[PDB]
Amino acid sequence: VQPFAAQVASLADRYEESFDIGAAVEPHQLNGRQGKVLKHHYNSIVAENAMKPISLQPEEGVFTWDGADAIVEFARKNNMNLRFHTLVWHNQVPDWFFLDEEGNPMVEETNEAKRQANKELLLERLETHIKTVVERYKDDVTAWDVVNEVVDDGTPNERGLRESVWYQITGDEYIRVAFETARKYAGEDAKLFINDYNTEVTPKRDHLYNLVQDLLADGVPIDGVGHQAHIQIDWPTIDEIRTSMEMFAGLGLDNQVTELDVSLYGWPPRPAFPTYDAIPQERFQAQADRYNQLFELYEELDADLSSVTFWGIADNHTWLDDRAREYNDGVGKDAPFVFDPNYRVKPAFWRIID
């Protein structure tokens, strides 16, 4: 039996010369055993869900602040940094954004002049959402995910930009307006990030590189790249990870790891073990070696890496379980973190605290 998390060395303190150590949280986790683990080990937090656009402005002019406020309060009380996830995304985003003045979807519009008016209305709505949110949280947030997942996994257009509703209505303009709006209301010292998954592999990596180069050339304020790092044991390679961070550091950008989890599976995650108990020791060992190499790379790169956030605290709460159940008939368990479902350490803990 492994010791409890509160009996081992703080991860945040272990990494205090290199980068923050963060966790994605929900408001209900900010007391009890999670509360304790958080305070002991972490010096940054992010909202898993409560600061996404639909969580903050579910109807126009109607702001729901309480979950988000509770997260901010917890960070302040415990002297934690706070990442804002996220100003702009194509999911968990309210439908009302994308409806024209008569209530019909803007994407359906064929008259070029009405389309231009729709583009301007959506951009103005985006600006209002950003202005309102940034005004409330500008003195708490230490890193903004200003846009999330705006780059495509393939190449549907020459710039590799995701053809979401934002793109269909505004082209790339939503991205420019989101950064400029955030800079304007948060101030010059605010740290603005473009966040995405699979930043280590091509062609996405290069499309993202080209996008940030382009926007920097136009004076669009971007401070860094957020690497979600939803990764596996063998993929991507350490070198793929390294190369991606070095490329962005080459443009004068900061890197953060924002949503780290190390799945026990491939993609899709099948076959998956049905219970935590069913997972063999070998999975935890191979994960531990993987985590060792990750954190050695993060330390080597620490001039260009300011924060490493995990997408959860302990293995009792992870969205990888939703994915395992989805691809295995509603039955499956992943185990991505250094802390097990009882808040005891896992073999990976030892390999990143040393």
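Quick note: we count residues from 1 along the sequence shown, nothing fancier.
Look at the C-alpha B-factors of 223 to 231 and of 121 to 129. On average they run higher in 121 to 129. Taking the mean C-alpha B-factor of each stretch as recorded, 190 to 198 and 103 to 111 are not equal, and the higher mean is that of 103 to 111. The maximum CA B-factor among the listed residues 74, 209, 84, 267, taken from the PDB record, is found at 267. Reading the B-factor column for the CA atoms of 149, 180, 145, 173 in the entry, the top value corresponds to 173.
In the PDB entry, residue 333 places in the highest third of its chain by CA B-factor. Residue 244: CA B factor lies in the middle third for its chain, per the PDB record.
The entry lists a Cα temperature factor for residue 310 that places it in the lowest third of the chain's modelled residues. Sorting the modelled residues of the chain by their CA temperature factor places residue 324 in the highest third. Residue-level temperature factors show residue 169 in the highest third of its chain, judged at the C-alpha atom.
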